[PDB]
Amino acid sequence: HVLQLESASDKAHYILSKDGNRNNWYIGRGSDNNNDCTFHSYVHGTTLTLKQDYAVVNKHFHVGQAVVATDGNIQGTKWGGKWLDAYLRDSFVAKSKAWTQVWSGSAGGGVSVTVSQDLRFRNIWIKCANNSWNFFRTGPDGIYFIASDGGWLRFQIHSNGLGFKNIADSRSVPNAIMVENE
């Protein structure tokens, strides 16, 4: 009930398979003075090693068809087939604590301007009178109102978030827009 392999103290002992003259795979204690135990394909160069404080495989690791990658990323059906890094980015609001100017100029009553970021469901700050930032969080394309410094601004988000239009304002003309980074 035991196939007994015996070597001298601290000497290698492993099972080696060769097909033809080719080293194919091995399992066991591959080196003298080293107690790591390895299961290795020479042909694939793919390895599992039992080491002192952990086990390791040297390439990506599949669990069924889910994948644990060598960079620590995970892919599987639970993440909608995405890698986890992308699932997270798409799924949850980023704590960037940074903003970006998407537009600068002057947009009086009736004037529509155009930006290269989708402004829908974003945190924005609009600068109108008195060199202050007026906060707003947009929903989808639509009509919004803010009692911005100077008086007030009624504005429209249109064109799938790329259009920003001053519908009407009372002494509160937008001259800059920042957006919180995603």
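In this text, residue numbers run from 1 along the sequence as written.
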{"query": "Mean Cα B-factor comparison, 138-146 or 42-50, giving the higher one as deposited", "finding": "42-50"}
{"query": "Between the two ranges 52-60 and 126-134, the one averaging a larger CA B factor in the entry", "finding": "52-60"}
{"query": "Criterion, highest CA B-factor; candidates, 68, 115, 157, 153", "finding": "115"}
{"query": "Among modelled residues of the same chain, the CA temperature factor third for residue 86", "finding": "middle"}
{"query": "Entry-reported Cα temperature factor of residue 96, expressed as the chain third it lands in", "finding": "lowest"}
